[PDB]
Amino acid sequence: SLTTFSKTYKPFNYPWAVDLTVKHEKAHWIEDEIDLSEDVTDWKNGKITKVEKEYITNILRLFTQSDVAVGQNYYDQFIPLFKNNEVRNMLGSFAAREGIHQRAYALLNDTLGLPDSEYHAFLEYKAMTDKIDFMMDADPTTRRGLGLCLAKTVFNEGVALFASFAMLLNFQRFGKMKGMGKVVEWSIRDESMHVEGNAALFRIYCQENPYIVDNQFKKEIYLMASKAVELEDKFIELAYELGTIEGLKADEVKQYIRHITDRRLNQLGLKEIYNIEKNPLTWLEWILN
């Protein structure tokens, strides 16, 4: 099973986990390899407006002040229980990659000379995130609760902060802040693989423990998806209080968040609940693949 130490390296019980780990290691990147020189001149020489600067400043402050505990759910919920070698090394590889993201955002903060502060426009989004997480009452000690923890991680990595990612990518859409866009783009490429792995693990985990997939179990996951959309909606509401974004309207970001939330439910093996046919931000589709 997923929860037992491997007897030998081969044959693989979960070959897809090896293949995805190999693909994830090939996408390895480090924060120091990204050219930020043009972002600095973009920032100093008035190419970034005063309102665009507050958006970037407040989003990066939200990034550096949230999810400070890198890989917490990998190290404390999934890795202790999934002892199978190929699955454990997948999860360990995902968790290590999250550390690169945290260093990348810290290097963006410092390269742009952003001042330290505890306050930003999105404190209500962070507090709403912590409240939602407290009410989920994530219990990995039961087979049923571990399944729900896996589904929750798919929304954390595949929906949470994606509204902020679209806003940061709005700059590289027009040739501005391209180094920051590369950080976000490669972060999204990582999270897409993490979502793919955690969702596949979720589907396999439900087959191996079929008595956890009850009528309320599925309903609780649909609630998770709708709570993630409600959370991203709150981010969008707070973000547009700062001013407008060139070529990007609040209503279409909310539709894009609903579109990718339906993708995550499909990846978990559940049905769509918003039925947004096309992603309204087609300039992003290359980065979302």
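When you see a residue number, it is the position in the sequence shown, counting from 1.
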| property | result |
| --- | --- |
| Of 263 to 271 and 5 to 13, the stretch whose C-alpha atoms average the higher B-factor in the entry | 5 to 13 |
| Residue range whose averaged C-alpha B-factor is higher in the record, 164 to 172 or 138 to 146 | 138 to 146 |
| 64, 45, 226, 57, ranked by C-alpha B-factor: the highest one | 45 |
| Cα B factor band for residue 220 (lowest, middle or highest third within the chain) | middle |
| Ranked against its chain, the third holding the CA B-factor of residue 31 | lowest |
| Chain-relative CA temperature factor third for residue 19 | middle |
| Chain third (lowest, middle, highest) by recorded CA B-factor, residue given as residue 125 | middle |
| Third of the chain's Cα B-factor distribution that residue 207 belongs to, per the entry | highest |
